[PDB]
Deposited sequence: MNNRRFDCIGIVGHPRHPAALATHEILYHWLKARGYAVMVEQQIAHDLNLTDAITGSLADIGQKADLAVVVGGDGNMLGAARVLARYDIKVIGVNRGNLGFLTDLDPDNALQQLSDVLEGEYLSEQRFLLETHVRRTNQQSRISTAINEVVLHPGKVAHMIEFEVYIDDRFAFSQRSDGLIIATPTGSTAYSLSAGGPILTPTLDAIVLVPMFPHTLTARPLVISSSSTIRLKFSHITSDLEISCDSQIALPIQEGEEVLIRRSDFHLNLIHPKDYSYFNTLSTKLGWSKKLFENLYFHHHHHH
């Protein structure tokens, strides 16, 4: 059972009803509820217990993230610092982190609160530049400032030299990231709980480049020759950290884990197929 439920998200104005309905529903069912500060203000919830995201993350037992997969992205990176259960309500179709359909959210959530849920752990990525420490649920991306600019770098795996590369950047994706930016760059789908990390080059210079899937207990090091162009590292499409001259990037499995939960009737492959347009049962 969950004593304290938190409502997270940042609502255009018609997404507000969802927050409003959920807050009253959760409340009338006897739960203590923490809403995010912005939503309390937006809905004028004078009685509501509010808090920042970190607050909810420390004091709530479950966070219902309302919104899309992108909303979930910033929310998840924080809530993963904590031992809180996270579940999401999407808007319309299923997403890879949001599996409560709005048409049936309450009913499904009602069963989840009863304790009918599938609990799993998504791992995050950690990045140092050398120390700035940033994290990512989907991917870390190395890339220059100019769009079509070829860079050179060497890739070390577990302290040992793996390979050089001439290209426009490298994408490093978690299983959760594999269906994201990495997919659109020609990378493979990894199953969500897999202990793996995929490296996908962007516009490689040689024709023999291919997505490399490595163990998630592996360490990655980026070394660079010289800097007259601006190297940058992005984590989940948040603000690029500049990479200075003589600096290296260190990417590894983070110690923070997203404690996702799902309703019993959830399955990954069904989410995947509906998302990608795969064939359903044929006979």
Give me the ranges of the deposited sequence that have no CA atoms here, in sequence order. 1-4, 16, 136-140, 294-304
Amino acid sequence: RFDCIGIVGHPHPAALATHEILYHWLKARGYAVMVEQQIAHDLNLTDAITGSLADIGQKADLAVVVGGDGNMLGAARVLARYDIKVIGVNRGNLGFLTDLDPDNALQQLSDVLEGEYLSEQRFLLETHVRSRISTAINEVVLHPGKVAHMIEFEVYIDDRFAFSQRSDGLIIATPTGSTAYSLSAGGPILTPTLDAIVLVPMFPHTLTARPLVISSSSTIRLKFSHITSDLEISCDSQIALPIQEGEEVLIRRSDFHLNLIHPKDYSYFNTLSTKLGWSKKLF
From here on, numbers count along this sequence of modelled residues.
Taking only the CA atoms, which stretch has the higher mean B-factor in the record, 180-188 or 155-163? 155-163
Between 28-36 and 225-233, name whichever shows the higher mean Cα B factor according to the PDB entry. 225-233
Specify which of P175, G88, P201, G92 carries the largest Cα B factor in the deposited PDB entry. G92
Name the residue from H128, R122, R210, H205 with the greatest C-alpha temperature factor listed in the entry. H128
Please rank the C-alpha B-factors of the chain's modelled residues and tell me whether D99 sits in the lowest, middle or highest third. highest
Ranked C-alpha temperature factor of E139 among modelled chain residues, by third: lowest
Split the chain's modelled residues into thirds by Cα B-factor; is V112 in the lowest, middle or highest one? middle
For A148, does the deposited CA B-factor place it in the lowest, middle or highest third of the chain? highest
Third of the chain's Cα B-factor distribution that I133 belongs to, per the entry: highest
